[PDB]
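Q: Opening piece of the complex, as it sits:
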Amino acid sequence: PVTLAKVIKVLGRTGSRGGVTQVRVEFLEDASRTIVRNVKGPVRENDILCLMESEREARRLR
Amino acid sequence: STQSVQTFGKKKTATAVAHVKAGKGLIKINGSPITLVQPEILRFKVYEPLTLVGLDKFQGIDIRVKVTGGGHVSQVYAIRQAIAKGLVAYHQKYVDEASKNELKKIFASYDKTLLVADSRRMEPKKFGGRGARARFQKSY
Amino acid sequence: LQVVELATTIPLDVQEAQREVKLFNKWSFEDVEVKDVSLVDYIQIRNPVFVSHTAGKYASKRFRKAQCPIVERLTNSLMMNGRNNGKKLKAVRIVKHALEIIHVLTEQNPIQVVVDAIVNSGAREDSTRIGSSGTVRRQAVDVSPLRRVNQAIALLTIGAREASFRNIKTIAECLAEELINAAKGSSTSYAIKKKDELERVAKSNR
Amino acid sequence: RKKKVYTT
């Protein structure tokens, strides 16, 4: 039940310490439903990082 | 004299001077055969410049290297660099340039340190600490 | 394939290395493939090397670590806990013996088992902290492929170290047992317990 | 800081 989502744009650094990044993902199969999600490690564009759950957006962290 | 080229390879401080003369397939380390270079587990680092192109390239050349300075590992990298550079300088000077550019192509595509000495050197120590960047533990 | 006779005799196996570059002139990279699309670009096994000791410059730029061989990253991560810093020749010796033991045990490709254990050991969702100046707070965030790989290597070497600490069992075969078990997905192994506990807390934090 | 007192 995992969905794979290629990242297409690195939005910017979020989180209190700046250790997590907002990113815009695109699914490898069914190339639509582009989502903004947060990722912990360093990220370039064209990363195939996989998502355990897909139906959740992300917003700014306090 | 004869077809002789003399080169050197370098690591941090180690420098190995390679003499490449026309002769038989003689490959010696400080007057000793290459089959017993130490450490044993890193013998394939110096085996890389030989087996990558093929030993047939060494029919016409004999190599005698002199490695001094540095440490054990830095000397291993200095010898393998001296071997690779001596072979390259001989090809550049006494054989067609097609072979010299092929050798340089395989060498660069495999390991940059085979021909170009690494420029990293030890940072000097600065006062106020036991190392270059390390500082004495501070207390309040 | 022909044996080339030199005045300085060259052993048969290393002269056999002219055909193919193999790890320790024994293990081939040709038939090894990563069973995960997401870590192909960050586990570098495409360029074979003879010995896991290259002394390259992989700390200059940001993503230079992805170009160093994954086995060399493992032997780099092995030399930890103070007393082992700088003992790289010891780390390469231990790794070389670990691959031989992983081959002799279960009869598989040693680097296939290492690659399987690394793709299988990295947590896919980690719960980052969003604590407001001291208070306990956790938020589930995704983990980049690079951090998944190098956290897999961190947990694999930590587990082998702790299984080999104050134990007659040698480090090479503690590493061999941890890598084989994580390769086959056994929950008994460390770095698989850690991965499961990480993804469990991340499921219990989103 | 001290007053030298003699004995002899």
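A: Looks like it arrived, so ask away. Numbers count the residues shown, from 1 in each chain, chains lettered A, B, ... in the order given.

Q: Quick check, the residue in chain A closest to chain C?
A: Residue nearest to chain C within chain A: residue A:41 (2.7 Å; CB to the nearest CB). Every residue, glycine included, has its C-beta placed from N, CA and C.

Q: Surely that residue touches residue C:145?
A: Yes. Using CB atoms under 8 Å, residue A:41 is in contact with residue C:145, at 7.4 Å.

Q: Neighbour count: the two, which is higher?
A: More crowded of residue A:41 and residue C:145, by other CB atoms under 10 Å in any protein chain shown: residue C:145, with 28 against 23.

Q: Can you give me every residue that contacts the more buried one?
A: A:41, A:47-49, C:38-39, C:41-42 (CB atoms under 8 Å, 6 or more residues apart in numbering or on different chains).

Q: Turn these into CSV, columns for secondary structure.
A: Below are these laid out as CSV (DSSP: H, G, I helix; E, B strand; the rest coil):
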residue, secondary structure
A:41, coil
A:47, coil
A:48, coil
A:49, coil
C:38, helix
C:39, helix
C:41, coil
C:42, coil
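
Q: just curious, which of those is nearest to chain B?
A: Using CB to the nearest CB, residue C:41 is the member of these that lies nearest chain B, at 19.7 Å.

Q: Which stretches in chain B count as helices?
A: For chain B, helices defined by DSSP state H occupy the ranges B:43-51, B:72-94, B:97-110.

Q: Relative to chain C, which of the ones you listed is closest?
A: Comparing these by CB to the nearest CB, helix B:43-51 comes nearest, at 3.9 Å.

Q: could the helices of chain B be laid out in CSV, adding mean neighbour count and distance to residue C:190?
A: Converted to CSV, these look like this (neighbours: other CB atoms under 10 Å in any protein chain shown; distance: least, CB to CB, whole Å):
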stretch, mean neighbour count, distance to residue C:190
helix B:43-51, 22, 32
helix B:72-94, 23, 32
helix B:97-110, 14, 36
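
Q: and the ones you listed as a markdown table, adding distance to chain A?
A: Converted to a markdown table, those look like this (distance: least, CB to the nearest CB, whole Å):
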| stretch | distance to chain A |
| --- | --- |
| helix B:43-51 | 31 |
| helix B:72-94 | 30 |
| helix B:97-110 | 24 |
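
Q: Format the ones you listed as a markdown table; extra columns: distance to residue A:25.
A: Formatted as a markdown table, the helices of chain B follow (distance: least, CB to CB, whole Å):
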| stretch | distance to residue A:25 |
| --- | --- |
| helix B:43-51 | 42 |
| helix B:72-94 | 44 |
| helix B:97-110 | 35 |
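
Q: to the structure above, add chain E:
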Amino acid sequence: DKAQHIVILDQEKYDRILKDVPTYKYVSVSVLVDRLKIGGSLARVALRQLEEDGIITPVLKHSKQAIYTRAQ
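A: Placing chain E onto the earlier chains gives this:
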């Protein structure tokens, strides 16, 4: 304080060794200690004799690590 590894080799243990070590995928000093309850030194001498007796083939030779296998 649970090790209590055997340091004296009797005949019952000797033939238990010759009956059990062959049915192993991989034997070594630590494997012998772990499962045969013999000491490390006895494991090393057991390996050095079992190789002379042909039961065991040396996969790899090293002072700190001895990787051995069955010869059958």
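
Q: The contacts of residue C:145 again please, this time with chain E.
A: Contacts of residue C:145 (CB under 8 Å, 6+ apart): A:41, A:47-49, C:38-39, C:41-42.

Q: and which of these is nearest chain E?
A: residue C:39 (29.8 Å).

Q: Just put the contacts of residue C:145 in JSON lines and tack on distance to residue E:28.
A: Putting the contacts of residue C:145 into JSON lines (distance: CB to CB, whole Å) gives the following:
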{"residue": "A:41", "distance to residue E:28": "38"}
{"residue": "A:47", "distance to residue E:28": "42"}
{"residue": "A:48", "distance to residue E:28": "41"}
{"residue": "A:49", "distance to residue E:28": "41"}
{"residue": "C:38", "distance to residue E:28": "37"}
{"residue": "C:39", "distance to residue E:28": "33"}
{"residue": "C:41", "distance to residue E:28": "38"}
{"residue": "C:42", "distance to residue E:28": "34"}
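
Q: Roughly how far does residue A:43 sit from residue B:71?
A: As judged by CB to CB, to the nearest Å, residue A:43 and residue B:71 stand 39 Å apart.

Q: Between those two, tell me which one has more neighbours.
A: residue A:43 (18 against 13).

Q: Does that one touch residue A:21 like I think?
A: Yes. If you go by CB under 8 Å, residue A:43 and residue A:21 touch, sitting 5.8 Å apart.

Q: and for these two, which residues touch both?
A: In contact with both residue A:43 and residue A:21: residue A:10, using CB under 8 Å, 6+ apart.

Q: list the buried ones in stretch E:50-58?
A: Of all the residues in stretch E:50-58, those buried under the rule 16 or more other CB atoms under 10 Å in any protein chain shown are E:50, E:55-56.

Q: Looking at the residues you listed, spot the one nearest chain C.
A: Using CB to the nearest CB, those come closest to chain C at residue E:56, 12.2 Å.

Q: if I pick that closest one, what's in contact with it?
A: E:21, E:27, E:47, E:50, E:68-71.

Q: In contact with residue E:48, which residues?
A: Residue E:48 neighbours (CB under 8 Å, 6+ apart): none.

Q: next structured bit after the strand or helix carrying it?
A: Assigned by DSSP states H and E, residue E:48 falls within helix E:40-52. Sequence order places strand E:56-60 as the next helix or strand after helix E:40-52, per DSSP H and E.

Q: Pull up the pairing partners for that following strand, direction included.
A: strand E:67-70 (antiparallel) (DSSP bridges).

Q: Further, place chain F onto the existing structure:
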Amino acid sequence: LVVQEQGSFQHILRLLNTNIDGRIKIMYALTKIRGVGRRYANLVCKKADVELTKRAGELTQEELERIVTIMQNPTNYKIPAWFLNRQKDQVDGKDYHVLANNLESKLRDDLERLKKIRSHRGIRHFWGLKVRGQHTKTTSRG
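A: Below is chain F, added to the chains above:
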């Protein structure tokens, strides 16, 4: 080569009124014997011709008595004087090597012999302080 035995092993040995574990190698079992360090036990074993590849219980009674004989008569077995524990003794001036009970006996006699003359070292022994000049400002906290 590996050899086997039955019923000859002795789990506990008794030398100089001290119980010795029979499955320890001879050099370090004698190092268990007080007054016998590793350096001394290797030499008493080489003078007694007991090859070090034998366990303590492997050793026979004849060898154990030959060892206690050498330890009790060191000068008689070509053991150099400078290698001994108690050389140039205070009272009789001869070279000695003290053993299990004699070591603490003559050590005691040395403590009282300094305290009777009320030497500074004997005084500090009486007080329980360090005698070799060590600082006690910050480490004498036991």
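
Q: and the buried residues of stretch E:50-58, now that chain F is in?
A: E:50, E:55-56.

Q: now the end-to-end length of that stretch.
A: One end of stretch E:50-58 to the other measures 10 Å (CA to CA, to the nearest Å).

Q: repeat for stretch E:5-23
A: End-to-end distance for stretch E:5-23, by CA to CA: 21 Å.

Q: Give the buried residues for that stretch.
A: Neighbour-count burial for stretch E:5-23 flags E:5, E:7-9, E:13, E:17, E:21 (criterion: 16+ other CB under 10 Å).

Q: would a markdown table of those residues with secondary structure and distance to residue F:42 be doable?
A: A markdown table is the format used below for the buried residues of stretch E:5-23 (DSSP: H, G, I helix; E, B strand; the rest coil; distance: CB to CB, whole Å):
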| residue | secondary structure | distance to residue F:42 |
| --- | --- | --- |
| E:5 | coil | 25 |
| E:7 | coil | 20 |
| E:8 | coil | 23 |
| E:9 | coil | 25 |
| E:13 | helix | 30 |
| E:17 | helix | 31 |
| E:21 | helix | 34 |
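
Q: Looking at those residues, spot the one nearest chain C.
A: Closest approach to chain C among those (CB to the nearest CB): residue E:5, at 9.3 Å.

Q: Sheet partners, orientation included, of the strand of greatest length in chain A?
A: For chain A, the strand with the greatest residue count under DSSP state E is strand A:3-14. Here strand A:3-14 has these sheet partners by DSSP bridges: strand A:20-27 (antiparallel), strand A:50-51 (antiparallel).

Q: any idea how far residue C:52 lies from residue B:114?
A: Here residue C:52 is placed at a distance of 17 Å from residue B:114 (CB to CB).

Q: quick revisit: between strand E:56-60 and the helix holding residue E:48, find me the angle.
A: 110 degrees (axes from the mean of the first three to the mean of the last three CA atoms, to 10 degrees).

Q: Contacts (any at all) between chain F and helix E:40-52?
A: Yes. Helix E:40-52 is in contact with chain F by CB under 8 Å from any CB of the partner chain, via E:45-46, E:48-49.

Q: who's in contact with residue C:97?
A: C:170, C:172-173, E:60, E:62, E:65, E:67.

Q: hang on, it in a helix?
A: Yes. According to three-state DSSP, residue C:97 belongs to a helix.

Q: For it, give its distance to chain F.
A: 25 Å (CB to the nearest CB, to the nearest Å).
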